[PDB]
Amino acid sequence: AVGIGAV
Amino acid sequence: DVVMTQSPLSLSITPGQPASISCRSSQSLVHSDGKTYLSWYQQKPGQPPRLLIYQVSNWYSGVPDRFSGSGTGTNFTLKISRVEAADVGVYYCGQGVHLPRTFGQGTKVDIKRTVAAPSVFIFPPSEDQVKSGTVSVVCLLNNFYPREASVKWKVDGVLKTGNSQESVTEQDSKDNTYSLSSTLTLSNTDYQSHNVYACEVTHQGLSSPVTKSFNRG
Amino acid sequence: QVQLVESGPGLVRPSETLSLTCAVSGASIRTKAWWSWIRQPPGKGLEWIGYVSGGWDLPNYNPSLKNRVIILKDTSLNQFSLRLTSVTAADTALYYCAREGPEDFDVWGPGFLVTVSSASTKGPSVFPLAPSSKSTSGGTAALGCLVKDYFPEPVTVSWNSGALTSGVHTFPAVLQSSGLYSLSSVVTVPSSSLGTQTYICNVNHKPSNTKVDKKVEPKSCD
């Protein structure tokens, strides 16, 4: 999913 | 990495029956936003995967309700309630919450169906092939099940080994059958040194091995 | 309506750098999406290579790639591209460009096969595999096309420019001892049709810029 994990 | 493990790695489904694949992760796929980012993809041969499920139980637009996803935390399960012939292929689970992104190794799904004896054909080389320097005689087994079969090449009655190559298709999306080609390659010198070419097919659906032949010229 | 297409070379020498470009149509690259590259060695699993964001956040790549990957985006041309340095045979695979969106990987490209080898490109020879009357198995006969001595993968085979689809089997290519590939594409067809309908195999090998349309008909004495 886009944006989930670099948060 | 977050290691994803699928089980089983090879799953043969029985018609009229449900089917179940399991996918387990080394860490929880629960994100801090409360959502679980697990996805299920289907890949038919020679094309990219198709997105079936994201967010373990939500269906992607256009995916039929017969595909279902369940699970929590590290345990996830994809079920195909009642299969179609087109549903052969490789199925992958993938987490979209942790970096690096990871996928399962994939579960290969093949269907069980009624046995069928192969339709056998032999193709002698065209004259262009004979002129070309090398010659390829082809023996084709079309539309058989199950996958196991044996092809033997016989030239002028004697078994010939070590010059043949086999290639098998994937389970057909229409009638869930397999097909096989055996190509025998010789020099034109070797090709014209003999007269009769045959392939003898042994298969479960044949009461006796079936031989197809031709005469050179 | 979103479509992505990969383009580039089909052959790269080892230790060189692999460049691949994914063109996106149907949506602007400047959206809330991670434009990603993922590779798959043939007949094996998927390896996630990385992504470039449509916003301003930095790209992230797979640590397994050993700091060989650069993923770039070009808003003006609306495309994104992969540069992978110091390739080896292990980097020979099928490369997919995809869009990781608010759901998950939404859309994938058809896949592009990159082969890492030193060998020289060669176009294929196409020979007809003709049906015969001595070989009729009931009411249907089979005919086909043999595609020999080409490099590298892949070739595409259609029948009657795509009009004929049912009953066609294009077999996996088998690698000869020469280092070249060979495959066969066959089709079953009512033997009655043999008298009236003409059957043409269309072979395409883009790496060698070869396109061959060959009609398969029974022998002149048959």
# chains A, B, ... in the order shown; residues from 1 in each chain; ligands from 1
call {"tool": "interface_residues", "arguments": {"of": "chain A", "to": "chain C", "cutoff": "8 Å", "atoms": "only C-alpha atoms", "output": "ChimeraX atom specification"}}
result
/A:1-3
call {"tool": "select_by_dssp", "arguments": {"residues": "range 43-180 of chain B", "states": "alpha helix (DSSP H)", "output": "PyMOL selection string"}}
result
chain B and resi 127-132
call {"tool": "residues_around", "arguments": {"residues": "range 159-174 of chain B", "least_positions_apart": "5", "cutoff": "8 Å", "atoms": "only C-alpha atoms", "output": "ChimeraX atom specification"}}
result
/B:45,85-88,110-111,152-154,179-186 /C:169-174
call {"tool": "closest_atom_pairs", "arguments": {"of": "chain B", "to": "chain C", "cutoff": "9 Å", "atoms": "only C-alpha atoms", "output": "tab-separated table"}}
result
residue	atom	partner	partner_atom	distance
B:37	CA	C:104	CA	8.4
B:38	CA	C:104	CA	8.8
B:39	CA	C:104	CA	7.3
B:46	CA	C:111	CA	8.5
B:47	CA	C:110	CA	5.9
B:48	CA	C:110	CA	5.6
B:49	CA	C:108	CA	7.4
B:50	CA	C:108	CA	8.0
B:51	CA	C:106	CA	6.6
B:53	CA	C:104	CA	8.8
B:54	CA	C:103	CA	6.2
B:55	CA	C:103	CA	7.7
B:60	CA	C:103	CA	8.2
B:92	CA	C:45	CA	8.5
B:96	CA	C:104	CA	7.0
B:99	CA	C:62	CA	8.0
B:100	CA	C:62	CA	5.6
B:101	CA	C:48	CA	6.1
B:102	CA	C:48	CA	6.5
B:103	CA	C:46	CA	6.4
B:104	CA	C:45	CA	7.4
B:105	CA	C:45	CA	5.0
B:106	CA	C:45	CA	6.3
B:119	CA	C:137	CA	7.0
B:120	CA	C:137	CA	7.6
B:121	CA	C:135	CA	6.4
B:122	CA	C:135	CA	7.2
B:123	CA	C:129	CA	5.7
B:124	CA	C:129	CA	7.3
B:125	CA	C:129	CA	7.0
B:126	CA	C:128	CA	6.8
B:128	CA	C:127	CA	7.4
B:129	CA	C:127	CA	7.0
B:136	CA	C:146	CA	8.7
B:138	CA	C:129	CA	8.1
B:140	CA	C:186	CA	8.5
B:142	CA	C:188	CA	8.5
B:165	CA	C:174	CA	7.3
B:166	CA	C:174	CA	7.7
B:167	CA	C:172	CA	6.0
B:168	CA	C:171	CA	6.5
B:169	CA	C:171	CA	5.7
B:170	CA	C:171	CA	8.9
B:179	CA	C:169	CA	7.6
B:180	CA	C:171	CA	7.7
B:181	CA	C:171	CA	7.3
B:183	CA	C:184	CA	8.8
B:212	CA	C:135	CA	8.1
B:213	CA	C:135	CA	8.8
B:214	CA	C:134	CA	8.6
call {"tool": "write_last_selection", "arguments": {"atoms": "N, CA and C atoms", "output": "short mmCIF file (atom, residue, chain, number, x, y, z; two decimals), in the first residue's frame"}}
result
data_model
loop_
_atom_site.label_atom_id
_atom_site.label_comp_id
_atom_site.auth_asym_id
_atom_site.auth_seq_id
_atom_site.Cartn_x
_atom_site.Cartn_y
_atom_site.Cartn_z
N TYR B 37 -2.71 -5.18 6.14
CA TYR B 37 -2.36 -5.02 4.74
C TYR B 37 -1.79 -6.34 4.22
N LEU B 38 -2.70 -7.23 3.85
CA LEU B 38 -2.37 -8.50 3.22
C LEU B 38 -3.16 -8.58 1.93
N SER B 39 -2.53 -9.09 0.87
CA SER B 39 -3.17 -9.13 -0.43
C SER B 39 -2.94 -10.48 -1.09
N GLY B 46 2.25 -16.60 -18.48
CA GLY B 46 2.61 -15.65 -19.51
C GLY B 46 2.02 -14.27 -19.38
N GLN B 47 1.38 -13.95 -18.27
CA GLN B 47 0.78 -12.65 -18.03
C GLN B 47 1.13 -12.23 -16.61
N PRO B 48 1.01 -10.94 -16.30
CA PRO B 48 1.29 -10.49 -14.94
C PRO B 48 0.20 -10.94 -13.98
N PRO B 49 0.49 -10.92 -12.68
CA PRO B 49 -0.54 -11.28 -11.69
C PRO B 49 -1.74 -10.35 -11.76
N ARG B 50 -2.86 -10.85 -11.25
CA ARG B 50 -4.08 -10.09 -11.11
C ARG B 50 -4.32 -9.83 -9.63
N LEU B 51 -4.68 -8.60 -9.29
CA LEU B 51 -5.03 -8.31 -7.92
C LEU B 51 -6.43 -8.86 -7.65
N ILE B 53 -7.49 -9.77 -3.94
CA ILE B 53 -7.90 -9.29 -2.63
C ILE B 53 -6.83 -8.38 -2.06
N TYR B 54 -7.25 -7.25 -1.49
CA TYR B 54 -6.42 -6.45 -0.61
C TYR B 54 -7.15 -6.35 0.72
N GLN B 55 -6.40 -6.07 1.80
CA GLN B 55 -7.07 -5.86 3.08
C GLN B 55 -7.95 -7.06 3.44
N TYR B 60 -11.05 -6.75 -4.88
CA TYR B 60 -10.76 -5.73 -5.88
C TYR B 60 -11.88 -5.69 -6.91
N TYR B 92 -0.31 -15.96 -5.14
CA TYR B 92 0.68 -15.33 -4.26
C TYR B 92 -0.01 -14.51 -3.19
N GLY B 96 1.80 -5.52 2.31
CA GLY B 96 2.04 -4.19 1.82
C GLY B 96 2.15 -3.19 2.95
N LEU B 99 8.48 -2.69 4.76
CA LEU B 99 9.51 -2.57 3.74
C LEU B 99 10.74 -3.36 4.17
N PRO B 100 11.31 -4.19 3.29
CA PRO B 100 10.93 -4.35 1.88
C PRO B 100 9.64 -5.13 1.68
N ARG B 101 8.92 -4.82 0.61
CA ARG B 101 7.75 -5.61 0.25
C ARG B 101 8.17 -7.05 -0.02
N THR B 102 7.32 -7.99 0.41
CA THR B 102 7.63 -9.40 0.24
C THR B 102 6.39 -10.13 -0.26
N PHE B 103 6.64 -11.23 -0.96
CA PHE B 103 5.59 -12.10 -1.46
C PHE B 103 5.87 -13.52 -1.00
N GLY B 104 4.84 -14.35 -1.03
CA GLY B 104 5.05 -15.76 -0.85
C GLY B 104 5.76 -16.35 -2.05
N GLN B 105 6.25 -17.58 -1.88
CA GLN B 105 6.89 -18.25 -3.00
C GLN B 105 5.87 -18.67 -4.05
N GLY B 106 4.60 -18.77 -3.68
CA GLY B 106 3.55 -19.05 -4.64
C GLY B 106 3.05 -20.48 -4.56
N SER B 119 -4.73 -37.14 -28.35
CA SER B 119 -4.82 -37.25 -29.80
C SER B 119 -3.41 -37.12 -30.36
N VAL B 120 -2.97 -38.12 -31.12
CA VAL B 120 -1.57 -38.22 -31.52
C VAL B 120 -1.45 -37.86 -32.99
N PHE B 121 -0.47 -37.00 -33.30
CA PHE B 121 -0.17 -36.63 -34.67
C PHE B 121 1.34 -36.68 -34.87
N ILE B 122 1.75 -36.94 -36.11
CA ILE B 122 3.16 -36.87 -36.47
C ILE B 122 3.30 -35.90 -37.64
N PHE B 123 4.36 -35.11 -37.60
CA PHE B 123 4.65 -34.11 -38.62
C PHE B 123 6.02 -34.41 -39.20
N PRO B 124 6.07 -34.87 -40.45
CA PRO B 124 7.33 -35.02 -41.15
C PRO B 124 7.87 -33.66 -41.57
N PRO B 125 9.17 -33.56 -41.81
CA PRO B 125 9.74 -32.26 -42.17
C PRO B 125 9.35 -31.83 -43.58
N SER B 126 9.20 -30.53 -43.75
CA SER B 126 9.03 -29.97 -45.08
C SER B 126 10.34 -30.08 -45.84
N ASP B 128 11.87 -27.79 -47.33
CA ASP B 128 12.73 -26.69 -46.91
C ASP B 128 13.61 -27.09 -45.74
N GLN B 129 13.05 -27.83 -44.77
CA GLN B 129 13.85 -28.29 -43.64
C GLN B 129 14.98 -29.20 -44.11
N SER B 136 13.76 -31.60 -38.39
CA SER B 136 13.05 -31.81 -37.13
C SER B 136 11.73 -32.51 -37.42
N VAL B 138 8.29 -34.01 -35.73
CA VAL B 138 7.53 -33.60 -34.56
C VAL B 138 6.46 -34.64 -34.26
N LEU B 140 3.18 -34.97 -31.73
CA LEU B 140 2.33 -34.13 -30.90
C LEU B 140 1.28 -34.98 -30.20
N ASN B 142 -2.01 -34.20 -28.04
CA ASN B 142 -2.89 -33.06 -27.85
C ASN B 142 -3.91 -33.42 -26.78
N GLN B 165 13.64 -33.84 -27.82
CA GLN B 165 13.37 -32.83 -26.80
C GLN B 165 11.86 -32.74 -26.58
N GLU B 166 11.46 -32.62 -25.33
CA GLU B 166 10.04 -32.57 -24.98
C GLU B 166 9.68 -31.20 -24.41
N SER B 167 8.46 -30.77 -24.69
CA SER B 167 7.92 -29.54 -24.14
C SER B 167 6.44 -29.74 -23.85
N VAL B 168 6.00 -29.35 -22.66
CA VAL B 168 4.64 -29.59 -22.21
C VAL B 168 3.97 -28.26 -21.92
N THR B 169 2.73 -28.12 -22.37
CA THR B 169 1.96 -26.92 -22.08
C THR B 169 1.47 -26.95 -20.64
N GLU B 170 0.92 -25.82 -20.20
CA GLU B 170 0.26 -25.76 -18.91
C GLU B 170 -1.19 -26.22 -19.05
N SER B 179 -0.96 -30.76 -23.08
CA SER B 179 -0.48 -31.14 -24.41
C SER B 179 1.04 -31.16 -24.40
N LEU B 180 1.62 -32.00 -25.26
CA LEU B 180 3.05 -32.24 -25.25
C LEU B 180 3.56 -32.35 -26.68
N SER B 181 4.75 -31.80 -26.93
CA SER B 181 5.43 -31.92 -28.21
C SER B 181 6.80 -32.56 -28.00
N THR B 183 10.26 -33.25 -30.24
CA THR B 183 10.94 -32.84 -31.46
C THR B 183 12.23 -33.64 -31.58
N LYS B 212 2.36 -43.76 -34.33
CA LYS B 212 2.11 -43.01 -35.55
C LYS B 212 3.40 -42.94 -36.35
N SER B 213 3.29 -43.13 -37.67
CA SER B 213 4.48 -43.25 -38.50
C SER B 213 4.26 -42.56 -39.84
N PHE B 214 5.37 -42.42 -40.57
CA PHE B 214 5.34 -41.95 -41.94
C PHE B 214 6.56 -42.50 -42.67
#
call {"tool": "residues_around", "arguments": {"residues": "residue 5 in chain A", "least_positions_apart": "2", "cutoff": "6 Å", "atoms": "only C-alpha atoms", "output": "list in words"}}
result
residues 7 of chain A; 97, 98 and 99 of chain B
call {"tool": "write_last_selection", "arguments": {"atoms": "N, CA, C and O atoms", "output": "mmCIF file, in the first residue's frame"}}
result
data_model
loop_
_atom_site.group_PDB
_atom_site.id
_atom_site.type_symbol
_atom_site.label_atom_id
_atom_site.label_comp_id
_atom_site.auth_asym_id
_atom_site.auth_seq_id
_atom_site.Cartn_x
_atom_site.Cartn_y
_atom_site.Cartn_z
ATOM 1 N N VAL A 7 6.417 5.322 7.045
ATOM 2 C CA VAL A 7 5.888 6.077 8.176
ATOM 3 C C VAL A 7 6.821 6.025 9.388
ATOM 4 O O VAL A 7 6.786 5.085 10.183
ATOM 5 N N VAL B 97 2.713 -3.627 4.085
ATOM 6 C CA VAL B 97 2.797 -2.739 5.234
ATOM 7 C C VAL B 97 4.272 -2.557 5.614
ATOM 8 O O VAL B 97 4.667 -1.490 6.096
ATOM 9 N N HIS B 98 5.088 -3.583 5.391
ATOM 10 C CA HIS B 98 6.485 -3.565 5.799
ATOM 11 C C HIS B 98 7.390 -3.430 4.585
ATOM 12 O O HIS B 98 7.111 -3.993 3.520
ATOM 13 N N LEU B 99 8.483 -2.688 4.757
ATOM 14 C CA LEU B 99 9.514 -2.567 3.742
ATOM 15 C C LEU B 99 10.738 -3.359 4.169
ATOM 16 O O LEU B 99 11.193 -3.212 5.311
#
